[PDB]
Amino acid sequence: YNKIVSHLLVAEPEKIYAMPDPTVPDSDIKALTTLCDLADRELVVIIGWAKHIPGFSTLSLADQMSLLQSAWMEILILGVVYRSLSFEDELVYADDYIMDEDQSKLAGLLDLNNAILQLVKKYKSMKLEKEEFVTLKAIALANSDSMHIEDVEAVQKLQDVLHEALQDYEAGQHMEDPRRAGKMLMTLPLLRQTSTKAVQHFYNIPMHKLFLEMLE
C-alpha cells in the first residue's frame, strides 16, 4: 500500500450538512443561500485538511495561501462530483441536499450543474475509487497554477510527490490498465474548466422589509 495515499484517506474531512430550513419557501434565493453557507463551512474544513497533505506545510505560508486561493473551487467541485457517482443525473452537494434537474432550473444552475454532471459521467465510466479521489484532490491543489508562487521548485516537488503516490497506487492496484494514472490526470482540465465556470457564475448571479419601510 502507498503510505501517502493511505494517509490521505484518513485525513479526509468529516461530512458536512446543508441543513436547509423546510419552513422556508423553496426558491432560487433559498437554494443559493443554502449552497453558499454549505460552501463556507466546507472551506473552513478544507483549509484544515490541506495541512495534512504530506509536504503542504513545508511550503511558505504565502505559497500555502496562494495554492488554496487558486484551487478552492476545484476542491469543492471534485467533492460534489465524487459524492454523486452512485446517483443518476443528480448532484449530492450534501447528504441532506441532493439536486435533481428541476431543482437546478429553479436555482438557475441548470447549465452549471450539467457541466458538473459532465465530470460525474467521466468518473462513473472509469469507476473512480476513494483512493484516486483523495489523491486527485491533493494533486488539484498542488497543481493549481497560481501566478503568485514564491518557491516554484518547492511546489513542483509537492506535485511530484503526490504524482508519484498516484502512479504507485495505480501501478499496484490496477494492472489491468497501465495508463489509468494518466487517464486520471487527463480529467483535470475539465475540472479546472468547470471550476472556472462556477466562479464566474457566482459573481454574475433586496432588503425588501426596510425598503418598504423607507417608502412608507
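Sequential numbering from 1, following the sequence displayed.
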{"query": "Between neighbours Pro206 and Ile205, residues that the deposited sequence lists but the model omits", "finding": "4 to 9"}
{"query": "Mean C-alpha temperature factor, higher of 155-163 and 171-179", "finding": "171-179"}
{"query": "Stretch with the higher entry mean CA B-factor, where the candidates are 38-46 and 184-192", "finding": "38-46"}
{"query": "Residue with maximal Cα B-factor (values as given in the PDB entry) among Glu74, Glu132, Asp145, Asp111", "finding": "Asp111"}
{"query": "Chain thirds of CA B-factor: placement of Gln69", "finding": "middle"}
{"query": "Chain-relative CA temperature factor third for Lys105", "finding": "highest"}
{"query": "Within-chain third of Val80 by Cα B-factor, per the entry", "finding": "lowest"}
{"query": "Position of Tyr93 among the chain's modelled residues by C-alpha B-factor, lowest, middle or highest third", "finding": "lowest"}
{"query": "Among modelled residues of the same chain, the CA temperature factor third for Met126", "finding": "highest"}
